[PDB]
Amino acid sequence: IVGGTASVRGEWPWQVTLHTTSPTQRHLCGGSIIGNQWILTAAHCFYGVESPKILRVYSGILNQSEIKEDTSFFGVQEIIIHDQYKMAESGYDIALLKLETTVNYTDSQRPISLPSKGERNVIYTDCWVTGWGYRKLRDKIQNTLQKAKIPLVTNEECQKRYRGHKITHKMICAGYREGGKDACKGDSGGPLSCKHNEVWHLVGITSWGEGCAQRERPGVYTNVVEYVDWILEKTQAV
């Protein structure tokens, strides 16, 4: 996160850090708890991941320093990538992780509500992006979970800023015209969380952008409300 500040412990209790153990253990991406066995994240995070066996999900974390060899984690049973996904910039950048065990909810770890098809009309004015990603374009993963408050921009405006791309209705953009606050490398897969009528909703998933926090280059996020039917289909037992 560029231009953000340190989070308060437990203020984003749906945020997880997804690690890979290959070749040695490191943070791979962010994600969000949406159900007792389910994390919602970005499909592009799984490039070159050939098995869920190398993944570890940690919940209730503020500082990466909390994660040691003796720290409990959730194994991943299954990676479900949207079948239309090809790459982040073409959309469909959404994946589910089915956990091996269920999360016991607590003040430190609990699910975020999905957006309602009914709140598509709502003007979300209280939106935050969070993660352990870079604080500049070439940097490193941060110890403390960062947060930044960022305004949504209309799809028409976002399209004007990305002339070589198609910004579709399945994407949502957020940023300041002057830049300075944005997600960056390592924040991918984490939430864009918006507070409306005293309830937090998972509005976006951090997906892509040109650089980080540049002038006239808003961040691009998966528009989660366009995938609530997909999420329901994929999380039902069969």
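Residue positions are given as counts along the sequence shown, with the first one as 1.
**Asked** Comparing 38-46 with 171-179, where is the mean C-alpha B-factor higher?
**Response** Averaged over C-alpha atoms, the B-factors run higher in 171-179.
**Asked** On average, which has the higher Cα B-factor in the deposited entry, 23-31 or 47-55?
**Response** Per the deposited B-factors, the answer is 47-55.
**Message:** Checking the record values for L97, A148, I94, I123, which has the greatest CA B factor?
**Reply:** That would be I123.
**Third of chain Cα B-factors occupied by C212** = Answer is highest: the recorded C-alpha B-factor places it there.
**Message:** Could you place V129 in the lowest, middle or highest third of its chain by Cα temperature factor, using the values in the record?
**Reply:** Lowest third, going by the recorded CA B-factors of the chain.
**Message:** Split into thirds by Cα B-factor across the chain's modelled residues, where does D187 land: lowest, middle or highest?
**Reply:** Its C-alpha B-factor belongs to the lowest third of this chain's values.
**CA B-factor ranking of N197, expressed as a third of its chain** = For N197, the deposited C-alpha B-factor lands in the highest third.
**Third assignment of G164 from its chain's C-alpha B-factors** = Highest third - that is where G164 ends up once the chain's C-alpha B-factors are sorted.
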